[PDB]
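Engineer: Provided herewith is a single structure, encoded as structure tokens, for subsequent inquiry.
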Amino acid sequence: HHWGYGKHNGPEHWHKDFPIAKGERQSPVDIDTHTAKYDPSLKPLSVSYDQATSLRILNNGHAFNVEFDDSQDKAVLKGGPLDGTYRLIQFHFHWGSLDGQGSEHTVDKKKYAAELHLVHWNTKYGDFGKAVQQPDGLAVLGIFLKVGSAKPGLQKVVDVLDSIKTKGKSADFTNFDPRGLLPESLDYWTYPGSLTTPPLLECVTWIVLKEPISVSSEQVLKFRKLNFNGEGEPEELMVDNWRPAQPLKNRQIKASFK
Ligand SMILES: COc1ccc(CCNC(=O)c2ccc(S(N)(=O)=O)cc2)cc1OC
Ligand SMILES: [Zn+2]
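Positions 1003 to 1125, 1127 to 1261 (PDB author numbering) are the ones given, in order, by the sequence shown.
Written out as structure tokens, the structure is:
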């Protein structure tokens, strides 16, 4: 009886094995754009992905991860709310069964079709495993997806998904450039939060871009053909792999833009 997104194992059940699910800085949250405040203390955000080295794509039974070589400083996030350097380790998405849902964060209660998470760890802690024992261990750059025009830079991901249909399947995935998944603007909201999947660890500085990227209907339809189950198990489409918004509690969401 593993955690998942179903009626008997989904987000309303996670707190039994992971009591931090009801903690003080859980993610995602609704971003009330009317209560978020511009923060002039925020430094310019620097997304430096030109030397990224992707390695592999993996269906882990809850999403698919594009993994990077993080053995050296190569693809890093710094600036904004962050102190020091955060190295990219993987990206993944959350998405819906229908175009009107799928994102984890919401913007004035609006759900997007999907949400991209670029996951980074603070190099002052040496390894990802040590980083997830720290309140400032991780930084996740979140990008909303809406359905409209295709995102050309996403197609190479779309086209490998047939090789990782089921849980535990991986494939080589070298030379993928995550710069092709960014929007034009780096305007963002930031707040302190958590992983949005078990173990729900409260280690994350969230940086959520305001401008969504557009993907085509056909691209997100291919996401929805993935499976949560393993090969030769009953087929459960990998859809609606999002956690709903959690209580903001004693947090303030800051805006990078006036
Ligand atoms: C060996 O030590 C660990 C290794 C990994 C983890 C956490 C695994 N989960 C994630 O890395 C992760 C989960 C959700 C996100 S999200 N959806 O918030 O971007 C990002 C990363 C926890 C660990 O320590 C228990
Ligand atoms: Zn995620």
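Beta carbons are placed, not taken as given, at the ideal position from N, Cα and C, and that holds for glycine.
1. In terms of alpha-carbon separation, which member of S1217, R1089, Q1028 and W1097 lies closest to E1205?
2. Could you work out which residue in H1017, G1196 and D1110 is closest to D1139 when comparing CA atoms only?
3. Inspect the beta-carbon positions of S1048 and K1080 and report whether they are closer than 8 Å.
4. Considering just the uninterrupted stretch of the beta strand (DSSP E) at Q1092, what are its terminal residues?
5. Can you give the beta carbon distance from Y1194 to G1082, rounded, assuming they're within the 8 Å contact cut?
6. Check each residue's C-beta against every heavy atom of ligand 2 and list, in chain order, those closer than 6 Å.
7. Determine the extent of the beta strand (DSSP E) in which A1174 is found, giving its start and end residues.
8. Check the DSSP bridge columns for residue 1283 and list the partner residues they point to.
9. Taking only the alpha-carbon atoms, compute the straight-line gap between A1153 and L1203 and give it to the nearest angstrom.
10. Whole-angstrom Cβ separation of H1122 and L1090, contact assumed at under 8 Å?
11. Between the beta-carbon of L1240 and the beta-carbon of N1230, is there less than 8 Å?
12. By Cβ distance below 8 Å, which residues in the same chain neighbour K1257 in space, the five residues on each side in sequence not counted?
13. Could you spell out the range, first to last residue, of the beta strand (DSSP E) harbouring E1187?
14. Quick check: does the Cβ of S1029 come within less than 7 Å of any heavy atom belonging to ligand 1?
15. State the Cα-Cα distance for the pair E1026 and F1070, rounded to the nearest angstrom.
16. With a threshold of 16 other CB atoms inside 10 Å of the CB of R1182, please say whether the residue is buried or exposed.
17. Which of the three DSSP states, helix, strand or coil, is assigned to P1195?
18. Just to confirm my understanding: we take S1166, look at its own chain, exclude 5 residues before and 5 after, and list those with CB closer than 6 Å. What are they?
19. So for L1203, helix, strand or coil by DSSP?
20. If I follow the unbroken alpha helix (DSSP H) through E1221, where does it start and stop?
21. Count the other CB atoms within 10 Å of the CB of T1035; is the residue buried (16 or more) or exposed (fewer)?
22. My parser needs the beta strand (DSSP E) runs of 3 or more residues fully inside the stretch 1043-1117; what are they?
23. The beta strand (DSSP E) with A1142 in it runs from where to where?
24. Examine ligand 1 and report whether any of its heavy atoms sits within less than 7 Å of the Cβ of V1143.
25. Could you spell out the range, first to last residue, of the alpha helix (DSSP H) harbouring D1019?
26. From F1095 to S1105, what distance separates their C-alpha atoms?
27. What separation, rounded to the nearest whole angstrom, lies between the Cα atoms of residue 998 and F1179?
Structural biologist: Here's the rundown:
1. Stepping through the sequence shown from its first residue, residue 1205 is reached at position 202. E1205 has its Cα closest to that of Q1028, out of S1217, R1089, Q1028 and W1097.
2. In the sequence shown, counting from the first residue as 1, residue 1139 sits at position 136. Minimum Cα distance to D1139 is reached at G1196.
3. Here residue 1048 refers to the residue found at position 46 of the sequence shown. Here residue 1080 refers to the residue found at position 78 of the sequence shown. Cβ distance < 8 Å, so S1048 and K1080 count as in contact.
4. Numbered from its first residue, the sequence shown carries residue 1092 at position 90. For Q1092, the uninterrupted beta strand (DSSP E) segment begins and ends at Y1088 to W1097.
5. Indexing the sequence shown from 1 puts residue 1194 at position 191. Indexing the sequence shown from 1 puts residue 1082 at position 80. Their Cβ separation, rounded to whole angstroms, is 12 Å, which puts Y1194 and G1082 out of contact at 8 Å.
6. The set of residues with a C-beta under 6 Å from any non-hydrogen atom of ligand 2 comprises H1094, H1096, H1119 and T1199, given in chain order.
7. For the purposes of this step, residue 1174 is taken as residue 171 along the sequence shown, with counting starting at 1. Segment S1173 to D1175, the beta strand (DSSP E) holding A1174.
8. In the structure displayed, the chain extends from 1003 to 1261; residue 1283 sits before or after that span and is not available.
9. As a first step, residue 1153 is located in the sequence shown; it is residue number 150 there, counting from the start. As a first step, residue 1203 is located in the sequence shown; it is residue number 200 there, counting from the start. C-alpha separation (whole angstroms): 32 Å.
10. Here the question's residue 1122 lines up with position 120 in the sequence shown. Here the question's residue 1090 lines up with position 88 in the sequence shown. With 8 Å as the limit, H1122 and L1090 qualify as a contact, their Cβ atoms being about 5 Å apart.
11. Residue 1240 sits at position 237 when you count from the first residue of the sequence shown. Residue 1230 sits at position 227 when you count from the first residue of the sequence shown. In contact: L1240 and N1230 (Cβ atoms closer than 8 Å).
12. What you label residue 1257 is simply residue 254 of the sequence shown in a count that begins at 1. Taken in chain order, the residues that qualify are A1038, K1039, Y1040, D1041, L1044, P1083, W1192, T1193 and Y1194.
13. Position 184 of the sequence shown, counting from 1, holds the residue named residue 1187. Neither: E1187 is in no beta strand (DSSP E) and is coded neither H nor E.
14. Reading the sequence shown from its first residue, position 27 is the one you call residue 1029. Yes, Cβ of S1029 sits closer than 7 Å to a heavy atom of ligand 1.
15. For the purposes of this step, residue 1026 is identified with residue 24 of the sequence shown, where counting begins at 1. For the purposes of this step, residue 1070 is identified with residue 68 of the sequence shown, where counting begins at 1. Looking at the two C-alpha atoms, the distance is approximately 31 Å.
16. For this step, residue 1182 is matched to residue 179 along the sequence shown. Counting Cβ neighbours within 10 Å, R1182 comes out exposed, since fewer than 16 surround it.
17. Position 192 of the sequence shown, counted from the start, is the residue given in the question as residue 1195. In this structure, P1195 counts as strand in the three-state DSSP scheme.
18. The residue labelled residue 1166 in the question sits at position 163 within the sequence shown. Contacts found: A1174.
19. Your numbering for residue 1203 matches position 200 in the sequence shown. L1203: coil per DSSP, three-state reduction.
20. Locating residue 1221 in the sequence shown gives position 218, counting from the first residue. It spans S1220 to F1226 - the alpha helix (DSSP H) in which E1221 sits, taken as one unbroken run.
21. Reading the sequence shown from its first residue, position 33 is the one you call residue 1035. By the 10 Å Cβ count, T1035 comes out exposed.
22. If we require 3 residues or more, the beta strand (DSSP E) runs fully inside the stretch 1043-1117 come out as 1047-1050, 1056-1061, 1066-1070, 1078-1081 and 1088-1097.
23. Locating residue 1142 in the sequence shown gives position 139, where the first residue counts as 1. Counting along the chain, the beta strand (DSSP E) containing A1142 begins and ends at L1141 to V1150.
24. The residue labelled residue 1143 in the question sits at position 140 within the sequence shown. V1143: yes, Cβ under 7 Å from ligand 1.
25. For the purposes of this step, residue 1019 is identified with residue 17 of the sequence shown, where counting begins at 1. Neither: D1019 is in no alpha helix (DSSP H) and is coded neither H nor E.
26. Here the question's residue 1095 lines up with position 93 in the sequence shown. Here the question's residue 1105 lines up with position 103 in the sequence shown. Each residue's alpha carbon lies about 9 Å from the other.
27. In the structure displayed, the chain extends from 1003 to 1261; residue 998 sits before or after that span and is not available.
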